[PDB]
Amino acid sequence: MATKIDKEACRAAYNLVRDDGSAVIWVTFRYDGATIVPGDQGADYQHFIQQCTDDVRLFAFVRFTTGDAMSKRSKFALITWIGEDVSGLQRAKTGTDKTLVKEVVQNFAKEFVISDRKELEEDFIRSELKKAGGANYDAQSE
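About the thresholds
- Residues numbered from 1 in each chain as written, not as in the entry; some residues may be left out.
- Heavy atoms only, no water.
- Helix = DSSP H or I, 4+ residues; strand = E, 2+ residues; numbered from the N terminus.
- Rg over C-alpha atoms; globule rule 2.2 N^0.38 Å.
- Buried < 20%, exposed > 50% of the residue type's maximum accessible area, 1.4 Å probe, protein only.
- Contact = heavy atoms within 4.5 Å.
- Areas by Shrake-Rupley, 256 points an atom, 1.4 Å probe, with all protein chains shown as cover.
- UniProt positions renumbered as here; feature names shortened; annotations may be inferred.
- Pairing = 2+ DSSP bridges.
- Axes fitted to C-alpha atoms, helices over the stretch in contact; angles between N-to-C directions.
- Expected span 1.5 Å × (residues − 1).
- Bend = angle between axes of the 7 residues up to and from the residue.

- Header annotation of the entry names solution NMR as the structure determination method.

Shown next as structure tokens:
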């Protein structure tokens, strides 16, 4: 009804992506019909490359190294993939659903959004966490 998210799957990988067993570096799901359920995956970053597609949309969740916060020695963040060739239907859905799975976050630090494959670089998401200081307030919002 309205929208159905299967965060149940991501969850299993969300916190398990921190275990020394599965190893599934990250997991991505895509709006299949009227529900959000696993669609692709990755055991390493190189996969995100054979997995990135400007013609698809999905969220990503990989554990990046922090080399600082001795906390589990590692950072946790989610990434959004907005392909530039998907229908307009799922578009309005991503907005409502991306907020659903986002509220079920309880094992990370911050989420990020992307619009290009070159933006999926590690030095890009790494320098993004080291920031952790939203100050666009003087930007009158966007």
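### A short note on the overall build of the protein chain
Logical step 1: Secondary structure summary: the protein chain contains four helices and six strands in total.
Logical step 2: At 15 Å, the protein chain has a C-alpha radius of gyration in line with the 14 Å of a compact globule built from 142 residues.
Logical step 3: Overall size of the protein chain, expressed as C-alpha extent along the three principal axes, is 45 × 40 × 30 Å.
Logical step 4: The buried share of the protein chain, reckoned over its 142 residues, is 33%.
Logical step 5: Of the contacts formed within the protein chain by residues at least 6 apart in sequence, a portion of 63% connects residues at least 24 apart.
Logical step 6: Here the protein chain displays about 9,200 Å² of accessible surface, and carbon together with sulfur accounts for 50% of that area.

### Examining the UniProt feature "domain: ADF-H" in the protein chain
Logical step 1: Taken from the UniProt record, the annotation "domain: ADF-H" applies to residues 2–130.
Logical step 2: Within the segment residues 2–130, helix and strand shares are 33% and 29% respectively, and the terminal C-alpha atoms sit 37 Å apart.

### Points about the sheet that holds strand 3 (residues 35–42)
Sheets are built from strands paired through backbone hydrogen bonds, the pairs being either parallel or antiparallel.
Logical step 1: A sheet is described by the order of its strands in space; here three strands give the open sequence 1-3-2, paired in mixed fashion. Single-partner strands in this sheet number two, and they are strand 1 (4–5) and strand 2 (26–32).
Logical step 2: Across two bridges, the pairing between strand 1 and strand 3 is parallel. Looking across to strand 3, one finds that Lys 4 is bridged to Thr 35.
Logical step 3: Running over the sheet, helix 3 (residues 88–103) touches strand 1, strand 2 and strand 3 and is turned about 135° from strand 2.

### As for helix 3
Logical step 1: The end-to-end C-alpha distance of helix 3, which contains 16 residues, comes to 24 Å, matching closely the 22 Å that a straight helix rising 1.5 Å per residue would cover.
Logical step 2: At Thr 94, helix 3 shows its largest bend, some 35°.
Logical step 3: Residues of helix 3 that are buried sit in contact with strand 1, strand 2, strand 3, strand 4 (57–64) and strand 5 (75–82).

### So, the side chain of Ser 74
Logical step 1: Among the structural elements, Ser 74 can be located in the loop between strand 4 and strand 5.
Logical step 2: Each residue touching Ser 74, except ones within four places of it in the same chain, is listed here: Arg 63, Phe 64, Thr 65, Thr 66 and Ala 69.

### Re the pairing of strand 5
Logical step 1: The buried fraction of strand 5 amounts to six of the eight residues, a majority that puts the element mostly inside the structure.
Logical step 2: In this structure, strand 4 lies alongside strand 5, joined through eight bridges in antiparallel fashion. Among the inter-strand pairings, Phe 59 is bridged to a residue of strand 5, identified as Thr 80.
Logical step 3: Sheet analysis places strand 5 next to strand 6 (residues 110–114), joined by five bridges and oriented parallel. Bridged to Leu 78 within strand 6 is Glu 111.

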